[PDB]
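Asker: Have a look at this one before I ask anything.
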Amino acid sequence: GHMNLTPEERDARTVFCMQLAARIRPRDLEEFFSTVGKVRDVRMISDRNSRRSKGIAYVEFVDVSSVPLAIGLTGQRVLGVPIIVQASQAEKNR
């Protein structure tokens, strides 16, 4: 349980989006959440190198409660682009 929020908790609202298509746009992820949510910014790895994973992005949400929202979206697949439940959490707790 929380008691109060932290400034650094806002940093952690980001959602790691893995399993993505080689040819996804940055917007394809922000759209996919905007239907139920609000986006702060879009930190898509510029996946053009043609030799790495080719299926990753990090979307900054504006809201803590959209992290467990985004988890619940794992089994959709826009054009063939599902998302992992992973979140962009950290190996830290107080």
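Naming scheme: A, B, ... for chains in displayed order of the structure tokens; residues 1 onward per chain; ligands 1 onward as shown.
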With a distance cut-off of 7 Å and only C-alpha atoms, select the neighbouring residues of stretch 38-51 of chain A, excluding the residue or stretch itself and same-chain residues fewer than 2 positions from it, and output the selection as a ChimeraX atom specification.

Answerer: /A:26,30,34,54,56-62

Asker: Take the residues from that selection and put them in a file with C-alpha atoms, as a PDB file, in the first residue's frame.

Answerer:
ATOM      1  CA  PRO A  26       5.716   5.319 -32.637  1.00  0.00           C
ATOM      2  CA  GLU A  30       0.183   5.660 -28.133  1.00  0.00           C
ATOM      3  CA  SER A  34      -5.229   6.598 -25.846  1.00  0.00           C
ATOM      4  CA  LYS A  54      13.012  -5.162 -34.032  1.00  0.00           C
ATOM      5  CA  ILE A  56      10.390  -2.784 -28.679  1.00  0.00           C
ATOM      6  CA  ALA A  57       9.114   0.632 -27.397  1.00  0.00           C
ATOM      7  CA  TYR A  58       8.513   2.467 -24.024  1.00  0.00           C
ATOM      8  CA  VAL A  59       5.389   4.715 -23.798  1.00  0.00           C
ATOM      9  CA  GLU A  60       5.334   7.258 -20.965  1.00  0.00           C
ATOM     10  CA  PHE A  61       1.784   7.343 -19.596  1.00  0.00           C
ATOM     11  CA  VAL A  62       0.534  10.287 -17.497  1.00  0.00           C
TER      12      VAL A  62
END

Asker: Pick out each residue of chain A that DSSP on the backbone tags as helix (DSSP H, G or I); I need them as number ranges by chain.

Answerer: A: 7-11, 27-34, 66-71

Asker: Counting only C-alpha atoms, figure out which residue out of A:55, A:1, A:7, A:72 gets nearest to residue A:33.

Answerer: A:72

Asker: Skipping near chain neighbours, those fewer than 4 positions away, what residues fall within 9 Å of residue A:68 using only C-alpha atoms, listed as a PyMOL selection string?

Answerer: chain A and resi 64+72+85+87

Asker: Would you write out those residues with N, CA and C atoms, as an mmCIF file, in the first residue's frame?

Answerer:
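Okay, selection-v6.cif is ready:
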data_model
loop_
_atom_site.group_PDB
_atom_site.id
_atom_site.type_symbol
_atom_site.label_atom_id
_atom_site.label_comp_id
_atom_site.auth_asym_id
_atom_site.auth_seq_id
_atom_site.Cartn_x
_atom_site.Cartn_y
_atom_site.Cartn_z
ATOM 1 N N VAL A 64 -0.535 6.516 -13.085
ATOM 2 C CA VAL A 64 -0.140 5.288 -12.419
ATOM 3 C C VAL A 64 -1.142 4.164 -12.652
ATOM 4 N N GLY A 72 -3.355 -5.529 -18.780
ATOM 5 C CA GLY A 72 -4.591 -6.165 -19.198
ATOM 6 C C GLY A 72 -4.852 -6.156 -20.705
ATOM 7 N N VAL A 85 2.897 -8.052 -21.040
ATOM 8 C CA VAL A 85 2.505 -7.627 -19.686
ATOM 9 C C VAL A 85 3.607 -6.947 -18.850
ATOM 10 N N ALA A 87 5.379 -4.197 -18.125
ATOM 11 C CA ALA A 87 5.544 -2.887 -17.547
ATOM 12 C C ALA A 87 7.010 -2.464 -17.614
#

Asker: In stretch 18-66 of chain A, what's strand (DSSP E) per DSSP? Answer as a ChimeraX atom specification?

Answerer: /A:18,39-42,56-61

Asker: Residues within 10 Å of residue A:75, please, as a VMD selection string. Count only C-alpha atoms; anything in the same chain fewer than 6 positions from it doesn't count.

Answerer: chain A and resid 81 to 85

Asker: Print the selection's residues with C-alpha atoms to a file, as an mmCIF file, in the first residue's frame.

Answerer:
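The resulting file, part-v4.cif, is reproduced below:
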data_model
loop_
_atom_site.group_PDB
_atom_site.id
_atom_site.type_symbol
_atom_site.label_atom_id
_atom_site.label_comp_id
_atom_site.auth_asym_id
_atom_site.auth_seq_id
_atom_site.Cartn_x
_atom_site.Cartn_y
_atom_site.Cartn_z
ATOM 1 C CA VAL A 81 1.289 -6.277 -32.839
ATOM 2 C CA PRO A 82 0.452 -7.732 -29.398
ATOM 3 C CA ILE A 83 2.113 -6.361 -26.223
ATOM 4 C CA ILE A 84 3.862 -8.066 -23.281
ATOM 5 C CA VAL A 85 2.505 -7.627 -19.686
#

Asker: Please determine, counting only C-alpha atoms, which residue among A:74, A:63, A:4, A:36 has the shortest atom-to-atom distance to residue A:19.

Answerer: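 Closest to residue A:19, using only C-alpha atoms: A:74.
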
Asker: Can you work out which one of A:66, A:14, A:93, A:6 has the shortest atom-to-atom distance to residue A:35, counting only C-alpha atoms?

Answerer: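 That would be A:66, the residue with the smallest distance to residue A:35.
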